[PDB]
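Visitor: Sequence lines, in order, name chains b and a. Be aware that the first sequence starts at 58, since it is given in the deposited numbering, and climbs by one per residue. Sequence positions in the second sequence follow the deposited numbering and run 31 to 113, 123 to 246. For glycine and all other residues, C-beta sits at the position ideal for the given N, C-alpha and C.
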Amino acid sequence: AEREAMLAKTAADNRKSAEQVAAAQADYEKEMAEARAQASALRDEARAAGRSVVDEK
Amino acid sequence: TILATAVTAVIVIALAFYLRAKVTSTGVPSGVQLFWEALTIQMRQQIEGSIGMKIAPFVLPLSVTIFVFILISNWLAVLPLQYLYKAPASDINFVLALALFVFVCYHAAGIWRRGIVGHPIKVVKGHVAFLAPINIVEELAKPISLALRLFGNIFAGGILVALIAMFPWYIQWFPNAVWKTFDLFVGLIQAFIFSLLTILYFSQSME
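Shown next, in the form of structure tokens:
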């Protein structure tokens, strides 16, 4: 049962390694996307505030 | 005869001793690990194929002890003790004890499964009720077939090794060599046969 479990753990660790590598790239890009969204939010907020200040002045 | 069997018990026991010493699941196996494992996994695949390990697991140790016991007996019969040793199966007592124990074990396991009141009638009626009176002979045949076979073949050697000895030595070396050469194979095959038919009798005894 342990010689079979070494072969089963070879497959389980191989697929878990590919899943965790894919999750590492997908979490890296998911954080990058949230960062892009926050940056664009701050940029459009700055533009809106500038336009509001322009019309107020 | 008892000594001829005691030698085989002590060899098999020393091998189990060596296995208890050596065994590694995490590491590279020695010879004894590979031999024990190949025998146990063959019988395990066989029992799994017919009954399932979960319904009758208790047969695996009996099968493996039978196989190693009779295999070592026959192989030891080859070693050139000719001049005290003679194969134990040559004596009806050994084969009787073995086959009779197998018989009582699997029949008592069938009774234990279905019950003392239930298993005999189901065994008699068997696979087809029209065969009910034949099944008894099919039942009574099961033990005898096991015994007189293992006897009949190994005895057939015990005599022949003596009959060849009738020769002069120069003629003698050739037939004895051929016979023992093929006797290794025949003994191994009869051991596999005994164990496999024991498994199959267990299986059909359950269902």
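Counting Cβ pairs, one atom from each stretch, are 3 or more of them under 8 Å apart for the segment 203-220 of chain a and the segment 31-42 of chain a?
Guide: The segment 203-220 of chain a vs the segment 31-42 of chain a: no contact.
Visitor: Note down, in chain order, all residues in the segment 31-55 of chain a with a beta-carbon under 9 Å from any beta-carbon belonging to chain b.
Guide: Listed by position along the chain: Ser55.
Visitor: For my contact list, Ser93 of chain a and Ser184 of chain a are in at a C-beta cut-off of 8 Å; report their separation, rounded to the angstrom.
Guide: For the purposes of this step, residue 93 of chain a is taken as the residue at position 63 of the second sequence. For the purposes of this step, residue 184 of chain a is taken as the residue at position 145 of the second sequence. Actually they do not touch by this definition, with Cβ atoms about 17 Å apart.
Visitor: Just verifying my parser: in three-state terms, what is the DSSP assignment at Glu246 of chain a?
Guide: If you number the second sequence from 1, residue 246 of chain a lands on position 207. Reduced to three states, the DSSP call for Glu246 of chain a is coil.
Visitor: Quick check on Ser97 of chain b: buried or exposed, where buried means 16 or more other Cβ atoms within 10 Å of its Cβ?
Guide: As a first step, residue 97 of chain b is located in the first sequence; it is residue number 40 there, counting from the start. The residue in question, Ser97 of chain b, is exposed, as its Cβ has fewer than 16 Cβ neighbours within 10 Å.
Visitor: What separation, rounded to the nearest whole angstrom, lies between the Cα atoms of residue 116 of chain a and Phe88 of chain a?
Guide: Between 113 and 123, chain a has no modelled residues, and residue 116 of chain a is one of the positions in that gap.
Visitor: If you draw a straight line from the C-alpha of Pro172 of chain a to the C-alpha of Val58 of chain a, how long is it?
Guide: Taking the second sequence and counting its residues from 1, one reaches residue 172 of chain a at position 133. Taking the second sequence and counting its residues from 1, one reaches residue 58 of chain a at position 28. The straight-line gap from Cα to Cα measures roughly 55 Å.
Visitor: Quick one, which residues of the segment 59-73 of chain b are near chain a if we go by CB-CB under 7 Å, in chain order?
Guide: The segment 59-73 of chain b vs chain a, Cβ under 7 Å: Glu59 and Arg60.
Visitor: With distance defined between alpha-carbon atoms, name the residue in a:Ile102, a:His166 and a:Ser55 nearest to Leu64 of chain b.
Guide: Taking the first sequence and counting its residues from 1, one reaches residue 64 of chain b at position 7. It is a:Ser55 whose Cα lies nearest to the Cα of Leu64 of chain b.
Visitor: Just verifying my parser: in three-state terms, what is the DSSP assignment at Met83 of chain a?
Guide: Here residue 83 of chain a corresponds to residue number 53 of the second sequence, with the count starting at 1. The answer is coil: DSSP assigns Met83 of chain a none of H, G, I, E or B.
Visitor: Grouping DSSP H, G and I as helix and E and B as strand, with all else coil, what is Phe206 of chain a?
Guide: Here the question's residue 206 of chain a lines up with position 167 in the second sequence. Coil at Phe206 of chain a, not helix or strand.
Visitor: Would you call the segment 130-148 of chain a in contact with the segment 92-106 of chain a, where contact means no fewer than 3 C-beta pairs closer than 8 Å?
Guide: Yes, they touch.
Visitor: Comparing alpha-carbon positions, which option in a:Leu45, a:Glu78, a:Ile85 and a:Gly82 lies nearest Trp66 of chain a?
Guide: Indexing the second sequence from 1 puts residue 66 of chain a at position 36. Of a:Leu45, a:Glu78, a:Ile85 and a:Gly82, the residue nearest in Cα terms is a:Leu45.
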